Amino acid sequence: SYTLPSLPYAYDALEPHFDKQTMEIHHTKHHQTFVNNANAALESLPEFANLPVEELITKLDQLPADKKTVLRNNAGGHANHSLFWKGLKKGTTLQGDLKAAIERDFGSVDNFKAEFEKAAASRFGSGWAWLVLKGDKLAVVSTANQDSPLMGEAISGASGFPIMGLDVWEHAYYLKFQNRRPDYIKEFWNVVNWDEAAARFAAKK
């Protein structure tokens, strides 16, 4: 069974960028529900119930048709949010090989940011914006609802290894920014954990 992972910091650790109230609800309510629903579906699937969540979402096709969707949505939700919590932190700075790779594939850090913001703002409805690594090259893509590029193009419409991502479901920014998703996206640059992003870039898996 999966369990709600504890945050790598306190609920108010991202103030004044991300509000304390949302962090709490987003974690203890939204993420908790994904964990609970994923467990309920896995009770009758012992073979898959033991796989790490990041691995299970790469094998959605091997699941019985009546379970494919519920797990895509909930296991996907669990995987995405787990990665999201670890990708947030104040006080880090973009540098090293990651910074070099970004300037190489996007021209500059500013071009990259503009590209990411555009993808995040243009995702209509619920979804995520990602910075992924594919073919030794970095790219910006977005997915719908709780889909992840780890699921493959056939399923999510995107592919690649997630380096970092931004949750653009309205629950992630409505209490503080309401309809102003653009302001939320800009505030994100202040809390993106570049150390974790660099770490994932180094691992490549």
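Each residue number is its position in the shown sequence, starting from 1.
- In this entry, 49-57 shows the higher mean Cα temperature factor of the pair 49-57 and 137-145.
- On average the C-alpha atoms of 102-110 have higher B-factors than those of the other stretch, with 68-76 and 102-110 being the two compared.
- When the C-alpha B-factors of 178, 39, 32, 62 are ranked from the entry, the top spot goes to 62.
- In the PDB entry, residue 172 places in the lowest third of its chain by CA B-factor.
- Ranked by C-alpha B-factor against the other modelled residues of its chain, residue 164 falls in the middle third.
- Among all modelled residues in its chain, residue 93 ranks in the highest third by Cα B-factor.
- Residue 203 sits in the highest third of its chain by CA B factor, as recorded in the PDB entry.
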